[PDB]
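One chain comes next, on its own, written as structure tokens: the form deposited in one PDB entry.
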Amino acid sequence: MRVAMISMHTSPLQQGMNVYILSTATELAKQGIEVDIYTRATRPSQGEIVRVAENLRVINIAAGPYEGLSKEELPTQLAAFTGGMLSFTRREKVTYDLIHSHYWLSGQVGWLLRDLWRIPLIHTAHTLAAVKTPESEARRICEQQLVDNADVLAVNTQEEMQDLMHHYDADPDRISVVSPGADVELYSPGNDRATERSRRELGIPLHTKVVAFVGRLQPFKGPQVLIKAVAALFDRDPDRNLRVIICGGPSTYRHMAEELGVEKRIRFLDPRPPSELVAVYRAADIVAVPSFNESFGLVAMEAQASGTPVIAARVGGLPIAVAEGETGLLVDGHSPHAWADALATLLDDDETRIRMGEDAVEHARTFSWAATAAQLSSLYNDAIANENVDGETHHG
């Protein structure tokens, strides 16, 4: 398979959308899919073709000056950049099986090219005018055109799908949820003092053992499994120097915790943004993920990227997200006893647990965006299998 990704207004080669595009493309290429990322040329020294990795290139198209053309003026270069892409493809004798365009400017480019090339257009908006003037009204119109014309609308979340339905009357049948990987730059162990800093912020002594839960507080994410497992641990041996932190949004669990006499061992933390969530993962010795359903396992990968080993239920994408015996453990089912057993084993074996947290970082870096790319590759194959483009239907 040969994929043309389009990122007109921003190069994936500078240090959210940039890392999404680079990471997914890098991971697709690892799988043997050829990806060319097309971007406007901005850096004379890069040349036209940047060979990034096996199967992965960035193509720099001249359309307007290298500098001095702002994002707001980039619509003027829509046709020129499209023509520049086409001219490249002719000089180079390259053909593609599918286009994945990113942000509305690239969608507009990709829409023209999908008709010409007679191949599917996958489109990811990243941000939307209706979720955020004559400028913004013009952008919204273009985003609506992509809603009404692209073959697949790829969104990051269920919320994004809902924003497309509400604001753009998008057909839910054309929407596919493709979950991004863990932000491995944000979620990192930090320096030698970083875990100390996190503990201090949260008011937790350095010597205490900490188990954390992160996620929406609803029964299919199993926070009740953790709570009941903690009660069982304390029933077995009340002397644990153990605290639990649960973060933390409603879809009750404290009522549950006090019923079981563990409400002074489990603190509920309010949901917080990613930059604040790093401290939770860092302060934790173990992250427990007792999901009944888990497509994906983003929390598990955020925890591992942060250097914290994971005890996960053996469900969904969790056996992939956690390297069993290397970066954490997998639990069969959801009994409080089996969860207490796994927790005790990692809590009492410091040497193994610490090594697992250290190994978790490189595991996340190699494997978090890899599951996003498997989703994309699956979605691409389906779009191609079901491809009918005659270039005649154009809802302008």
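Numbering starts at 1 and follows the sequence shown.
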query	finding
Residue 388 to residue 389: deposited residues without atomic coordinates	none
Size class of the missing deposited segment between residue 251 and residue 252	4 to 9
Entry-level comparison of average CA B-factors, 266 to 274 and 101 to 109, reporting the higher stretch	266 to 274
Residue range whose averaged C-alpha B-factor is higher in the record, 290 to 298 or 74 to 82	290 to 298
Where the record places residue 198 (Cα B-factor, split into thirds across the chain)	middle
Chain-wide C-alpha B factor ranking for residue 127, given as lowest, middle or highest third	middle
Cα B factor band for residue 57 (lowest, middle or highest third within the chain)	lowest
Residue 63 - Cα temperature factor, lowest/middle/highest third of chain	lowest
Among modelled residues of the same chain, the CA temperature factor third for residue 318	middle
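Below: the form deposited in another entry, not depicted.
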| query | finding |
| --- | --- |
| Rigid-part membership shared by residue 258 and residue 91 between this form and the one not shown | no |
| CA-CA separation of residue 366 and residue 159, closer or farther in the other entry than in the form shown [shift of 3 angstroms or more] | closer |
| CA-CA separation of residue 298 and residue 22, closer or farther in the other entry than in the form shown [shift of 3 angstroms or more] | closer |
